[PDB]
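2 protein chains.
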Amino acid sequence: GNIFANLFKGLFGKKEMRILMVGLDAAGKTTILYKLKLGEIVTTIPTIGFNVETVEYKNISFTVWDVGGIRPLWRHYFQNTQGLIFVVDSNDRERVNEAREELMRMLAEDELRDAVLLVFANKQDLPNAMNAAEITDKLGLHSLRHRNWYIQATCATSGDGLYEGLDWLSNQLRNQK
Amino acid sequence: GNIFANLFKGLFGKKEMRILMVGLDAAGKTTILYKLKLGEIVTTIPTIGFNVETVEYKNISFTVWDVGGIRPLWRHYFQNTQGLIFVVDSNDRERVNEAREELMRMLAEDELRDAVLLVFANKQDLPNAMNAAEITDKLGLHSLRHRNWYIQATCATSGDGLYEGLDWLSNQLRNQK
Ligand SMILES: Nc1nc2c(ncn2[C@@H]2O[C@H](COP(=O)(O)OP(=O)(O)O)[C@@H](O)[C@H]2O)c(=O)[nH]1
Ligand SMILES: Nc1nc2c(ncn2[C@@H]2O[C@H](COP(=O)(O)OP(=O)(O)O)[C@@H](O)[C@H]2O)c(=O)[nH]1
Ligand SMILES: [Mg+2]
Ligand SMILES: [Mg+2]
Numbered sequence: 002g003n004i005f006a007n008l009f010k011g012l013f014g015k016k017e018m019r020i021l022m023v024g025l026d027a028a029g030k031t032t033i034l035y036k037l038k039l040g041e042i043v044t045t046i047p048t049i050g051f052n053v054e055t056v057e058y059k060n061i062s063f064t065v066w067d068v069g070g074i075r076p077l078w079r080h081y082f083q084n085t086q087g088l089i090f091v092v093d094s095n096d097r098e099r100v101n102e103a104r105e106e107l108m109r110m111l112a113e114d115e116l117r118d119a120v121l122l123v124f125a126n127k128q129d130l131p132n133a134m135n136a137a138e139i140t141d142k143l144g145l146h147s148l149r150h151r152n153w154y155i156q157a158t159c160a161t162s163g164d165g166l167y168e169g170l171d172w173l174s175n176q177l178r179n180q181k
Numbered sequence: 002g003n004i005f006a007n008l009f010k011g012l013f014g015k016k017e018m019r020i021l022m023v024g025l026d027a028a029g030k031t032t033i034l035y036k037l038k039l040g041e042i043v044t045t046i047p048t049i050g051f052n053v054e055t056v057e058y059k060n061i062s063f064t065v066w067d068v069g070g074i075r076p077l078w079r080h081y082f083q084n085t086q087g088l089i090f091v092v093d094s095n096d097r098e099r100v101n102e103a104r105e106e107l108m109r110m111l112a113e114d115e116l117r118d119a120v121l122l123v124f125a126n127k128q129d130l131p132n133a134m135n136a137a138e139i140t141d142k143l144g145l146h147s148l149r150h151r152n153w154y155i156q157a158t159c160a161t162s163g164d165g166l167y168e169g170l171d172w173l174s175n176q177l178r179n180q181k
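Read top to bottom, the protein sequences are chains F and V.
With the UniProt record's numbering as the guide, the letters of the first sequence map in order to residues 2 to 70, 74 to 181.
With the UniProt record's numbering as the guide, the letters of the second sequence map in order to residues 2 to 70, 74 to 181.
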């Protein structure tokens, strides 16, 4: 709601910022966006089979799309992305190896070289959900000795961890550029 | 887009109406919605797990959501539904039986009792895509001895068939109550 509006209020200014939130399908990306209550989640299809949800807050645009189904059109988007958030279904032990692939494939893009990474280890409320330490390992985030990263455990449905992780991210951008 | 807006025009009274477009996931509902160019597709999540896309023209709300995976909140939506569009992935021969039960199930509900059913047999551009003739059977549309109904073969991505099926529906609604 507002606690999130406040967060991003310090990042306001004549400049179009982009915060990419990608992850596999059903990771909790649309739920996290609805939870921020920064505005209307509007869907558009840039290209057939390319669904993009966006919440435009002010100069800050929240762009979301599923991953693993790369793509050219993506680069255009990358050309504005200050920060990338990657949400993982901690309870989906089966597709984290994929999450890692795409993640590594995203970090490996030239325009996203100077982008702050925030990994949301969502669905923490599920009984056999990996913890933020398991996910950091499986994702091999400890080898990303090069970029400003961070992992916050969450539950998009109850909503906790979203503020704490977005607080970090907000701080980072505030002195990113 | 504009050809589509004029279609519903006559129906522009002050009356709050709703056209419910449903079917299994991946059927082509979001693509159909985007093709109409009647407005922005906003995703809301009334209850956890329940994602609804809505486009609003004037006194018209196109409410979309995936089925097959009733509920008390739908019945509330049902209590205002004039038209019911049911889109099927004509090429997904496997779950056609599932889209059949979900359809039948939806028609069982009382507020829907006076809803006009338009069936879009989508993805018609694919080689294996069942045709309206086979769909009309696999869904038992002929069993509907008590309601208005029409099946229109479409291809959402190119837009083929959208106007035809939607021109029919308009009439049904133009002389409803
Ligand atoms: N248990 C649990 N379920 C969640 C959580 N976040 C999202 N979900 C559920 O996972 C499904 C996928 O979520 P969704 O937001 O549509 O995913 P997206 O495909 O990544 O955009 C939905 O049915 C959610 O309501 C969470 O933290 N915990
Ligand atoms: N080949 C083909 N694909 C279609 C057609 N309509 C939709 N799709 C594709 O089917 C996938 C699912 O469609 P979508 O609009 O996302 O469906 P929804 O899950 O019902 O909202 C997307 O890749 C669409 O581009 C069609 O007529 N032909
Ligand atoms: Mg989604
Ligand atoms: Mg959809």
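Note that the Cβ used here is the ideal one computed from N, Cα and C, for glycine as well.
Notebook entry, point to check: Does any heavy atom of ligand 5 sit closer than 6 Å to the C-beta of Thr-44(F)?
Noted result: Inclusion of ligand 5 in the displayed structure is not the case, the ligand content consisting of ligand 1, ligand 2, ligand 3 and ligand 4 alone.
Notebook entry, point to check: Where the beta carbon is closer than 6 Å to any heavy atom of ligand 4, which residues qualify, in chain order?
Noted result: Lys-30(V), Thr-31(V)
Next item on the list: State the Cα-Cα distance for the pair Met-18(V) and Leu-170(V), rounded to the nearest angstrom.
Entry: 16 Å
Note to self: Let me check you understand the geometry: is the CB of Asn-126(F) closer than 6 Å to at least one non-hydrogen atom of ligand 1?
What the structure shows: yes
Next item on the list: Just mark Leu-130(V) as buried or exposed, buried being the case when its beta carbon has 16 or more other beta carbons within 10 Å.
Entry: exposed
Next item on the list: State yes or no: is the C-beta of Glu-54(V) within less than 7 Å of the C-beta of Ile-42(V)?
Entry: yes
Next item on the list: Kindly indicate if chain F contains any beta-carbon less than 7 Å away from that of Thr-158(V).
Entry: no
Notebook entry, point to check: Going along chain V, which residues have a C-beta under 7 Å from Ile-46(F)?
Noted result: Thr-32, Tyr-35
Check: Is it the case that the Cβ atoms of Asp-93(V) and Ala-28(V) are separated by a distance below 7 Å?
Finding: yes
Next item on the list: Could you confirm whether any beta carbon from chain V is found closer than 7 Å to the beta carbon of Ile-49(F)?
Entry: yes
Notebook entry, point to check: Residue range of the beta strand (DSSP E) that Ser-174(F) falls in?
Noted result: No beta strand (DSSP E) holds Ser-174(F); the alpha helix (DSSP H) holding it covers 166-178.
Check: Along chain F, which residues have their Cβ under 7 Å away from the Cβ of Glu-57(V)?
Finding: Here the premise fails: no neighbours, minimum Cβ distance about 12 Å.
Next item on the list: Return the residue from the list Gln-128(F), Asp-96(F), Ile-89(F) that minimises the CA-CA distance to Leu-111(F).
Entry: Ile-89(F)
Check: Cβ atoms of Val-23(F) and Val-68(F): under 7 Å apart, would you say?
Finding: yes
Check: Helix, strand or coil for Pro-47(F) per DSSP?
Finding: strand
Check: At which residues does the alpha helix (DSSP H) containing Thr-140(F) begin and terminate?
Finding: 136-142
Notebook entry, point to check: Within the present structure, is the beta-carbon of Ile-49(V) separated from the nearest heavy atom of ligand 1 by less than 6 Å?
Noted result: yes
Margin query: On the DSSP letters alone, give me the boundaries of the alpha helix (DSSP H) that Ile-33(F) sits inside.
Written below: 30-37
Next item on the list: Please report the residue range of the beta strand (DSSP E) in which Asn-126(F) lies.
Entry: 120-126
Notebook entry, point to check: Taking the alpha carbon of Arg-151(F) as the point to measure from, which residue in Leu-143(F), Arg-117(F), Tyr-167(F), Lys-127(F) has its own alpha carbon closest?
Noted result: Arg-117(F)
Margin query: Measuring straight from C-alpha to C-alpha, what distance separates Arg-109(V) and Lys-181(F)?
Written below: 55 Å
Checklist line | Spatial distance of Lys-59(V) from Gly-40(F) (CA atoms) | finding: 21 Å
Notebook entry, point to check: First and last residue of the alpha helix (DSSP H) that includes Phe-9(F)?
Noted result: 3-10
Check: If the cut is a Cβ gap below 9 Å, which residues of chain V does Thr-85(F) touch?
Finding: Result: empty, since nearest Cβ-Cβ is about 22 Å, beyond 9 Å.
Note to self: Using C-beta distances below 6 Å, list every residue in its chain close to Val-120(V), excluding the 5 sequence neighbours before and after it, in chain order.
What the structure shows: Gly-87, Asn-152, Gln-176
Next item on the list: For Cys-159(V), verify whether its CB is less than 6 Å away from any heavy atom of ligand 2.
Entry: yes
Next item on the list: Go to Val-23(F), then tell me how far its beta strand (DSSP E) extends in each direction, as first and last residue.
Entry: 18-24
Notebook entry, point to check: According to DSSP, is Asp-114(F) helix, strand or coil?
Noted result: helix
Item checked: heavy atom of ligand 2 below 6 Å from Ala-103(V) C-beta -> no
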